[PDB]
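Only one chain is shown below, in structure tokens, and it's the form deposited in one PDB entry.
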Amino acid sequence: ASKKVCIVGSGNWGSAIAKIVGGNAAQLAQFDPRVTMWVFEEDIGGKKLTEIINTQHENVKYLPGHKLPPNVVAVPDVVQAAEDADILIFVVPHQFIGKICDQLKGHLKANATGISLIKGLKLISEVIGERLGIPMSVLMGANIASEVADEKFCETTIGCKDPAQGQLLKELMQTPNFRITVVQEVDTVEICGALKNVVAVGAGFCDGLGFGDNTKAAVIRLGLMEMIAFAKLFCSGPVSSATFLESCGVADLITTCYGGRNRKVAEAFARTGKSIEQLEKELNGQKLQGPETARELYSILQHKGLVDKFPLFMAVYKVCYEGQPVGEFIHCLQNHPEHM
């Protein structure tokens, strides 16, 4: 009764995660060696991507140059991929998860579990757990696919309520260069991923206004406190300050505020006066996560009269959407709740 794994997704992250999962699923006796990977079919040079993956063991489109363990089987039909699976690993861009869940509903093993790697503010893991009826875990941290594929050292956090399922997901994904901490707070692990991008816009505003590292450190820390307080006020699950010390909190926050794309655009916006829109295009055209999340935060907070409790988050919103001069951003932190 070794557990069967299906990787629902085969993009950049899915393919890199497949390198690890395939290896661990072969080596460890608690897992079935046959790992299916749902691959949305595509024509590459008049050839089928699933076919290329099953003959060359390389995702020539989304992770070229890397070999996948040969026990990882591309399957183009998502129902066929997942139907005998004990563990599903959801790793697709957020815009497709709905349709995927609408094709899988009613078709999963009765005992199937899920972990979401997908990073009105409802948690994507809840969208999946509700539509499919499976317990959901999450996998979040300061990490990127290219580096994980290159075995460059980094960590991630796993949020999973059940201890035995947590231990199993760790076994499945942990390597010497991809280190895992399991915690029981799914909602907390998961919400960090959206909030951190609001803070990084503020961090970039700090850079673009010409301030130094000690000011930027203050902006990030206050951002973190606002992330914790907001998660305690919004999330159903239990929420502890100590969970934000995991990779999903402080590490992802700092890697984003110091080297993120949201930060680069934010900086350029403050130094130049060019709009957020123009800078996204000039620096491919993919929109910024932070600003839209801040708008969504404003709606939630404004509807409960707490806009005042979150000056960083709200200052990000007002500069991005209500014409507040970016040069006021620091002023907005001079009477912060943390210092009352």
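What we label the rigid core is the largest C-alpha set whose atoms superpose within 1.5 Å from one form to the other. For every residue, the number given is its place in the sequence shown, counted from 1.
There is another form of this protein, the form deposited in another entry, and it is not shown here; the text below is about that form.
After superposition on the rigid core, the C-alpha displacement between this form and the one not shown reaches 2 Å or more for just one residue among 74, 172, 203, 128, namely 203. In the other entry, the Cα-Cα separation between residue 261 and residue 63 shrinks by 3 Å or more relative to the displayed conformation. Figure legend: C-alpha atoms of residue 276 and residue 97, shown here, are separated by at least 3 angstroms less in the other entry.
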